[PDB]
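> Coordinates in protein37.cif, mmCIF, C-alpha atoms, are listed below.
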data_query
#
loop_
_atom_site.label_atom_id
_atom_site.label_comp_id
_atom_site.auth_asym_id
_atom_site.auth_seq_id
_atom_site.Cartn_x
_atom_site.Cartn_y
_atom_site.Cartn_z
CA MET A 1 0.00 0.00 0.00
CA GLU A 2 0.95 3.69 -0.20
CA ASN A 3 1.70 3.98 3.52
CA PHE A 4 4.29 1.22 3.18
CA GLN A 5 7.62 0.98 1.40
CA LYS A 6 8.78 -2.55 0.58
CA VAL A 7 12.39 -3.31 1.48
CA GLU A 8 12.77 -6.96 0.45
CA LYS A 9 10.84 -10.19 -0.01
CA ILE A 10 11.36 -12.36 3.05
CA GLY A 11 8.81 -15.09 2.43
CA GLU A 12 6.79 -17.12 -0.04
CA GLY A 13 3.88 -19.25 1.15
CA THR A 14 0.25 -20.27 0.72
CA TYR A 15 -1.20 -17.07 2.16
CA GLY A 16 0.92 -15.15 -0.33
CA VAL A 17 4.15 -13.16 -0.45
CA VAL A 18 5.77 -11.67 2.66
CA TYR A 19 7.85 -8.48 2.53
CA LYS A 20 9.95 -6.60 5.06
CA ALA A 21 8.60 -3.05 4.85
CA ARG A 22 8.73 0.38 6.44
CA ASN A 23 5.64 2.22 7.66
CA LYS A 24 5.82 5.65 6.00
CA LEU A 25 4.22 7.15 9.11
CA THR A 26 5.36 5.42 12.29
CA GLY A 27 8.73 4.82 10.65
CA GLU A 28 8.55 1.29 12.02
CA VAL A 29 9.91 -1.74 10.18
CA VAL A 30 7.34 -4.51 9.82
CA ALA A 31 6.68 -7.80 8.10
CA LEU A 32 3.85 -7.33 5.48
CA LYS A 33 1.77 -10.25 4.11
CA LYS A 34 -0.43 -9.61 1.10
CA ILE A 35 -2.90 -12.14 1.19
CA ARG A 36 -3.99 -14.57 -1.53
CA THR A 37 -13.13 -14.04 -8.18
CA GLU A 38 -14.73 -12.49 -5.09
CA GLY A 39 -13.21 -9.83 -2.85
CA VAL A 40 -12.28 -11.20 0.58
CA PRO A 41 -15.09 -12.98 2.51
CA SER A 42 -16.69 -11.32 5.54
CA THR A 43 -16.00 -14.39 7.68
CA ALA A 44 -12.28 -14.03 7.02
CA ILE A 45 -12.36 -10.36 8.01
CA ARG A 46 -14.04 -10.92 11.37
CA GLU A 47 -11.82 -13.91 12.19
CA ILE A 48 -8.59 -12.04 11.48
CA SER A 49 -9.90 -9.02 13.40
CA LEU A 50 -10.25 -11.21 16.49
CA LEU A 51 -6.78 -12.71 16.09
CA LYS A 52 -5.46 -9.15 16.15
CA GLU A 53 -6.55 -8.98 19.79
CA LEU A 54 -4.32 -11.86 20.85
CA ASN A 55 -1.26 -10.63 22.73
CA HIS A 56 1.43 -12.95 24.08
CA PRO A 57 5.24 -12.61 24.24
CA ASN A 58 5.64 -15.85 22.30
CA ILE A 59 3.24 -15.01 19.47
CA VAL A 60 4.21 -12.71 16.60
CA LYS A 61 1.87 -9.77 17.08
CA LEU A 62 -0.54 -8.90 14.27
CA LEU A 63 -0.21 -5.11 14.28
CA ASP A 64 -2.73 -4.03 11.67
CA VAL A 65 -5.27 -5.49 9.27
CA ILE A 66 -5.68 -3.51 6.06
CA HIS A 67 -8.60 -4.35 3.79
CA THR A 68 -8.23 -2.04 0.79
CA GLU A 69 -9.17 -2.22 -2.88
CA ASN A 70 -10.87 -5.50 -1.98
CA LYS A 71 -7.39 -6.80 -1.10
CA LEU A 72 -6.07 -7.95 2.29
CA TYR A 73 -2.74 -7.00 3.86
CA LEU A 74 -1.57 -8.15 7.28
CA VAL A 75 1.00 -6.09 9.20
CA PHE A 76 3.05 -8.13 11.68
CA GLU A 77 5.83 -7.17 14.10
CA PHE A 78 9.20 -7.94 12.51
CA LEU A 79 11.83 -10.45 13.70
CA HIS A 80 15.17 -10.88 11.91
CA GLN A 81 15.57 -14.65 11.68
CA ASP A 82 13.53 -17.86 11.65
CA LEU A 83 14.38 -21.17 13.32
CA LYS A 84 15.00 -22.88 9.97
CA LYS A 85 17.88 -20.54 9.12
CA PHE A 86 19.17 -20.69 12.70
CA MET A 87 19.38 -24.50 12.58
CA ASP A 88 21.12 -24.50 9.20
CA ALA A 89 23.67 -22.11 10.70
CA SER A 90 24.07 -24.42 13.71
CA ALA A 91 24.15 -27.64 11.68
CA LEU A 92 27.88 -28.11 12.35
CA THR A 93 27.97 -27.72 16.14
CA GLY A 94 24.29 -28.13 16.94
CA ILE A 95 22.13 -25.93 19.15
CA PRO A 96 23.11 -26.19 22.85
CA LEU A 97 20.55 -28.13 24.88
CA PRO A 98 19.80 -25.20 27.23
CA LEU A 99 18.78 -23.09 24.23
CA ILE A 100 16.74 -25.92 22.75
CA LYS A 101 14.99 -26.30 26.12
CA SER A 102 14.36 -22.54 26.38
CA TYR A 103 12.87 -22.39 22.89
CA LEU A 104 10.66 -25.43 23.47
CA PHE A 105 9.46 -24.01 26.79
CA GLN A 106 8.59 -20.65 25.21
CA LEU A 107 6.86 -22.26 22.22
CA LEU A 108 4.72 -24.34 24.59
CA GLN A 109 3.75 -21.18 26.48
CA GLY A 110 2.69 -19.69 23.14
CA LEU A 111 0.63 -22.75 22.20
CA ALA A 112 -0.90 -22.95 25.67
CA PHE A 113 -2.09 -19.35 25.31
CA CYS A 114 -3.48 -19.82 21.78
CA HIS A 115 -5.03 -23.20 22.61
CA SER A 116 -6.76 -21.75 25.70
CA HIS A 117 -8.54 -19.41 23.28
CA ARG A 118 -9.36 -22.33 21.00
CA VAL A 119 -7.04 -20.96 18.32
CA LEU A 120 -4.74 -23.38 16.50
CA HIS A 121 -1.94 -23.01 13.98
CA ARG A 122 -2.28 -26.31 12.06
CA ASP A 123 0.71 -25.70 9.77
CA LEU A 124 3.65 -25.36 12.16
CA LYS A 125 7.14 -25.54 10.70
CA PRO A 126 10.61 -24.19 11.61
CA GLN A 127 10.01 -21.46 9.03
CA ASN A 128 7.24 -19.83 11.08
CA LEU A 129 9.16 -19.84 14.36
CA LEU A 130 10.93 -16.49 14.72
CA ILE A 131 13.78 -15.55 17.03
CA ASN A 132 15.48 -12.36 18.16
CA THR A 133 18.73 -11.30 19.84
CA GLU A 134 17.21 -11.42 23.34
CA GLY A 135 16.71 -15.18 23.33
CA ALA A 136 12.98 -15.11 22.60
CA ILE A 137 11.22 -17.22 19.99
CA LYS A 138 7.74 -16.56 18.60
CA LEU A 139 5.09 -18.46 16.65
CA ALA A 140 3.97 -16.78 13.43
CA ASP A 141 0.68 -17.25 11.53
CA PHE A 142 -1.50 -18.69 14.31
CA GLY A 143 -5.18 -18.89 13.33
CA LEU A 144 -4.62 -17.98 9.67
CA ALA A 145 -5.29 -21.48 8.31
CA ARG A 146 -8.77 -21.45 9.86
CA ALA A 147 -9.37 -17.75 9.17
CA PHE A 148 -8.75 -18.21 5.44
CA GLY A 149 -8.87 -21.97 4.87
CA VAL A 150 -6.46 -24.57 3.49
CA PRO A 151 -5.81 -23.96 -0.23
CA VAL A 152 -4.30 -26.45 -2.69
CA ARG A 153 -1.05 -24.59 -3.33
CA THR A 154 0.54 -21.13 -3.42
CA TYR A 155 1.24 -18.55 -6.12
CA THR A 156 5.02 -18.91 -5.94
CA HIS A 157 4.28 -22.55 -6.79
CA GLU A 158 4.87 -24.15 -3.39
CA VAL A 159 3.08 -26.43 -0.93
CA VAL A 160 2.61 -26.61 2.85
CA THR A 161 4.92 -28.88 4.84
CA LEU A 162 3.77 -32.45 5.30
CA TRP A 163 6.84 -33.17 7.45
CA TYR A 164 5.19 -31.83 10.60
CA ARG A 165 1.64 -33.01 9.94
CA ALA A 166 -0.09 -35.00 12.70
CA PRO A 167 -1.27 -38.55 11.88
CA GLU A 168 -4.96 -37.77 12.45
CA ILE A 169 -4.80 -35.15 9.69
CA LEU A 170 -3.04 -37.60 7.34
CA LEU A 171 -5.72 -40.20 8.07
CA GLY A 172 -8.52 -37.88 6.97
CA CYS A 173 -9.91 -36.57 10.27
CA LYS A 174 -11.69 -33.32 9.47
CA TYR A 175 -12.35 -32.21 13.05
CA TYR A 176 -8.82 -32.35 14.45
CA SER A 177 -7.87 -30.39 17.58
CA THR A 178 -5.13 -28.35 19.21
CA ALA A 179 -3.30 -31.66 19.60
CA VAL A 180 -2.05 -31.32 16.02
CA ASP A 181 0.17 -28.37 17.02
CA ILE A 182 1.75 -30.40 19.83
CA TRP A 183 2.64 -33.10 17.32
CA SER A 184 4.24 -30.56 14.99
CA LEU A 185 6.21 -29.03 17.87
CA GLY A 186 7.42 -32.48 18.91
CA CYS A 187 8.72 -33.04 15.37
CA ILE A 188 10.51 -29.67 15.53
CA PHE A 189 11.95 -30.47 18.98
CA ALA A 190 13.46 -33.68 17.58
CA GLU A 191 14.91 -31.80 14.60
CA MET A 192 16.68 -29.26 16.83
CA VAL A 193 18.23 -32.09 18.84
CA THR A 194 19.39 -34.29 15.95
CA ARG A 195 19.93 -31.64 13.24
CA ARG A 196 17.82 -33.63 10.79
CA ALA A 197 14.08 -33.69 10.05
CA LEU A 198 12.30 -36.50 11.91
CA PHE A 199 9.74 -37.48 9.26
CA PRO A 200 10.70 -35.93 5.90
CA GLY A 201 8.07 -37.51 3.64
CA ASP A 202 7.98 -36.96 -0.13
CA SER A 203 4.22 -37.59 -0.34
CA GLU A 204 1.26 -38.12 1.99
CA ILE A 205 1.63 -41.90 2.04
CA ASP A 206 5.40 -41.70 2.46
CA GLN A 207 4.83 -39.27 5.36
CA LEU A 208 2.44 -41.68 7.05
CA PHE A 209 4.70 -44.69 6.44
CA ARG A 210 7.80 -42.91 7.77
CA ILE A 211 5.80 -42.23 10.94
CA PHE A 212 4.64 -45.87 11.09
CA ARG A 213 8.17 -47.21 10.59
CA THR A 214 9.38 -45.20 13.59
CA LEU A 215 6.47 -45.23 16.04
CA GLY A 216 4.98 -48.49 14.80
CA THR A 217 1.80 -48.92 12.79
CA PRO A 218 -1.09 -47.75 14.98
CA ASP A 219 -3.91 -50.11 15.91
CA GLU A 220 -7.04 -50.13 18.09
CA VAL A 221 -4.96 -50.96 21.17
CA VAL A 222 -2.92 -47.74 21.15
CA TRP A 223 -5.43 -45.58 19.24
CA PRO A 224 -9.10 -46.58 19.65
CA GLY A 225 -11.10 -45.69 16.57
CA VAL A 226 -8.03 -45.48 14.33
CA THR A 227 -9.20 -48.24 11.95
CA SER A 228 -12.43 -46.32 11.31
CA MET A 229 -10.69 -43.14 10.17
CA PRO A 230 -11.57 -41.92 6.62
CA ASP A 231 -8.22 -42.74 5.01
CA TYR A 232 -7.19 -45.70 7.13
CA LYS A 233 -6.52 -48.80 5.03
CA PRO A 234 -6.49 -52.34 6.48
CA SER A 235 -3.77 -52.95 3.88
CA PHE A 236 -1.29 -50.61 5.60
CA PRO A 237 1.92 -52.54 6.30
CA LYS A 238 2.46 -53.45 9.96
CA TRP A 239 5.74 -52.09 11.35
CA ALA A 240 7.09 -52.40 14.90
CA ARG A 241 7.91 -49.34 17.03
CA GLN A 242 11.52 -48.22 17.64
CA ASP A 243 13.10 -47.01 20.89
CA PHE A 244 13.40 -43.22 21.22
CA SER A 245 17.03 -43.66 22.29
CA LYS A 246 17.81 -44.53 18.66
CA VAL A 247 15.53 -41.82 17.28
CA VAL A 248 16.82 -38.76 19.13
CA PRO A 249 20.25 -39.51 20.58
CA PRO A 250 21.79 -38.10 22.72
CA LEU A 251 18.69 -36.48 24.29
CA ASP A 252 18.39 -37.41 27.97
CA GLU A 253 15.53 -39.46 29.42
CA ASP A 254 13.51 -36.42 30.52
CA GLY A 255 13.57 -35.02 27.00
CA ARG A 256 12.76 -38.40 25.46
CA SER A 257 9.80 -38.97 27.80
CA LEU A 258 8.40 -35.54 26.97
CA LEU A 259 8.94 -36.10 23.26
CA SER A 260 7.16 -39.45 23.55
CA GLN A 261 4.08 -37.80 25.06
CA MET A 262 4.05 -35.16 22.31
CA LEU A 263 4.15 -37.91 19.68
CA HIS A 264 1.34 -40.08 21.00
CA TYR A 265 -0.85 -41.39 18.17
CA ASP A 266 -4.13 -40.88 19.98
CA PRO A 267 -4.87 -37.12 19.99
CA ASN A 268 -6.66 -37.54 23.33
CA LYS A 269 -3.60 -39.17 24.89
CA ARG A 270 -1.17 -36.63 23.41
CA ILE A 271 0.07 -34.19 26.07
CA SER A 272 -1.39 -30.67 26.11
CA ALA A 273 0.89 -27.62 25.95
CA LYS A 274 -0.21 -26.67 29.48
CA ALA A 275 0.74 -30.07 30.92
CA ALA A 276 4.00 -30.19 28.96
CA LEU A 277 5.11 -26.98 30.69
CA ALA A 278 5.09 -28.92 33.98
CA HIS A 279 7.20 -31.80 32.67
CA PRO A 280 10.41 -32.57 34.65
CA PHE A 281 12.45 -31.73 31.53
CA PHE A 282 11.83 -28.05 32.32
CA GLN A 283 12.96 -28.22 35.96
CA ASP A 284 16.19 -26.37 35.11
CA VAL A 285 15.02 -24.27 32.16
CA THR A 286 16.75 -20.91 31.66
CA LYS A 287 16.79 -18.26 28.96
CA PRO A 288 20.12 -18.26 27.10
CA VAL A 289 20.91 -15.82 24.30
CA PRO A 290 21.72 -17.24 20.86
CA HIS A 291 24.72 -16.39 18.70
CA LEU A 292 22.63 -14.63 16.06
CA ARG A 293 24.44 -13.47 12.94
CA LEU A 294 22.28 -10.80 11.28
#
Go through the file and emit its structure as structure tokens.

Amino acid sequence: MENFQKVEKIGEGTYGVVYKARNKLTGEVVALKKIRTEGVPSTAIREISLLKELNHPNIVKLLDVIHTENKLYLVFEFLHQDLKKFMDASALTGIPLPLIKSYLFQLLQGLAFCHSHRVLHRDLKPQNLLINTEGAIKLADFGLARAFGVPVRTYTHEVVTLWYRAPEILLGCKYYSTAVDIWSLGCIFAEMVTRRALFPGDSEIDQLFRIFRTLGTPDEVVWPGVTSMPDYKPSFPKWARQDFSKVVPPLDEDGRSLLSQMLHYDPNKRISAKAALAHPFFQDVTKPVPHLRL
């Protein structure tokens, strides 16, 4: 828009392009998402307007909502780096456990807050986890999937990330819960520890099978009702579960137990963000500052 001067493109997703920009008035630097026939549905406007009211230190604040020329622009507070880039930069030495623990603890506080308001992210990935020089980490794009809806692709010709998708979504459940975000965060937690994606599928079935090969093929014993799910197939191969000690070495037992509860198949057995915050793993949590090269 006229009140904003674009500085550089910092993102490309399903909702559209993201640019770092400067507010001609306030002089502030912000992240600007122009959002991707009709002209923006009323339901989307009210939903986003409500999300704008959510304030939490671990959630990227939605500063302004601009509906102009039948177009939609979202103005978010700006952070200089995302977790994806930070991990790539730390791929050689790895992120120190205390920092991993701090980030996980903060992310859970963010989810706990959002979940308490019945708001979910649904498409969590390292790319939408933003960090700053002070040691904070924030979740970006919470509530947008529901506000707008899940499209088929993007305009930059890209697709969402199946790597962090919960099994109930993959199996066709259409009324999934906040538990899907916990699953995604568990996948991200494992990635920070090992420096490699946990379940990097190349298709929906490969995603599901990679999960099955590691956690074992689910059945009625561990997940009641699983065989009645929309996309469940009796013909799925039956794989045995692996020990977490081989999945996320050298994470200690506290971390492994917490990870195990975040990766439970049954959404109703999967730990909530609120309960996770009380896990023994966080007994000695602190807030270290990262070595951030901007």
> Could you list the residues chosen by the PyMOL selection byres ((chain A and resi 258-272) around 7) in this structure as a ChimeraX atom specification?
/A:167,179,182-183,186,223,254-257,273-276,279
> Suppose a student applies the PyMOL selection byres ((chain A and resi 206-218) around 7) to this structure; what residues should they get, written as a PDB file with C-alpha atoms, in the coordinates of the input?

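Writing done, so here's part_9.pdb:
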ATOM      1  CA  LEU A 162       3.770 -32.450   5.300  1.00  0.00           C
ATOM      2  CA  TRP A 163       6.840 -33.170   7.450  1.00  0.00           C
ATOM      3  CA  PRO A 167      -1.270 -38.550  11.880  1.00  0.00           C
ATOM      4  CA  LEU A 170      -3.040 -37.600   7.340  1.00  0.00           C
ATOM      5  CA  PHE A 199       9.740 -37.480   9.260  1.00  0.00           C
ATOM      6  CA  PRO A 200      10.700 -35.930   5.900  1.00  0.00           C
ATOM      7  CA  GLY A 201       8.070 -37.510   3.640  1.00  0.00           C
ATOM      8  CA  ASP A 202       7.980 -36.960  -0.130  1.00  0.00           C
ATOM      9  CA  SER A 203       4.220 -37.590  -0.340  1.00  0.00           C
ATOM     10  CA  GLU A 204       1.260 -38.120   1.990  1.00  0.00           C
ATOM     11  CA  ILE A 205       1.630 -41.900   2.040  1.00  0.00           C
ATOM     12  CA  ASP A 219      -3.910 -50.110  15.910  1.00  0.00           C
ATOM     13  CA  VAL A 222      -2.920 -47.740  21.150  1.00  0.00           C
ATOM     14  CA  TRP A 223      -5.430 -45.580  19.240  1.00  0.00           C
ATOM     15  CA  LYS A 238       2.460 -53.450   9.960  1.00  0.00           C
ATOM     16  CA  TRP A 239       5.740 -52.090  11.350  1.00  0.00           C
ATOM     17  CA  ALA A 240       7.090 -52.400  14.900  1.00  0.00           C
ATOM     18  CA  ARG A 241       7.910 -49.340  17.030  1.00  0.00           C
ATOM     19  CA  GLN A 242      11.520 -48.220  17.640  1.00  0.00           C
TER      20      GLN A 242
END
> Considering all atoms listed in the file, tabulate each residue of segment 53-132 of chain A that lies at most 7 Å from segment 138-151 of chain A along with its nearest interatomic pair and the corresponding distance in Å to one decimal; arrange the rows by chain and ascending residue number and present them as JSON lines.

{"residue": "A:58", "atom": "CA", "partner": "A:138", "partner_atom": "CA", "distance": 4.3}
{"residue": "A:59", "atom": "CA", "partner": "A:139", "partner_atom": "CA", "distance": 4.8}
{"residue": "A:60", "atom": "CA", "partner": "A:140", "partner_atom": "CA", "distance": 5.2}
{"residue": "A:107", "atom": "CA", "partner": "A:138", "partner_atom": "CA", "distance": 6.8}
{"residue": "A:119", "atom": "CA", "partner": "A:143", "partner_atom": "CA", "distance": 5.7}
{"residue": "A:120", "atom": "CA", "partner": "A:143", "partner_atom": "CA", "distance": 5.5}
{"residue": "A:121", "atom": "CA", "partner": "A:142", "partner_atom": "CA", "distance": 4.4}
{"residue": "A:122", "atom": "CA", "partner": "A:145", "partner_atom": "CA", "distance": 6.8}
{"residue": "A:128", "atom": "CA", "partner": "A:140", "partner_atom": "CA", "distance": 5.1}
{"residue": "A:129", "atom": "CA", "partner": "A:139", "partner_atom": "CA", "distance": 4.9}
{"residue": "A:130", "atom": "CA", "partner": "A:138", "partner_atom": "CA", "distance": 5.0}
{"residue": "A:131", "atom": "CA", "partner": "A:138", "partner_atom": "CA", "distance": 6.3}
> Exactly which residues make up the result of the PyMOL selection byres ((chain A and resi 184) around 8) on this file, given as a PyMOL selection string?
chain A and resi 123-125+164-166+180-183+185-188
> Could you work out how far atom CA of residue 114 of chain A lies from atom CA of residue 136 of chain A, giving the answer in Å with one decimal?
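Atom CA of residue 114 of chain A lies 17.1 Å from atom CA of residue 136 of chain A.
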> Have a look at atom CA of residue 63 of chain A and atom CA of residue 77 of chain A and let me know their distance in Å, one decimal.
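These atoms are spaced 6.4 Å apart.
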> Quote the spacing between atom CA of residue 76 of chain A and atom CA of residue 25 of chain A in Å to one decimal place.
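Between atom CA of residue 76 of chain A and atom CA of residue 25 of chain A the gap is 15.5 Å.
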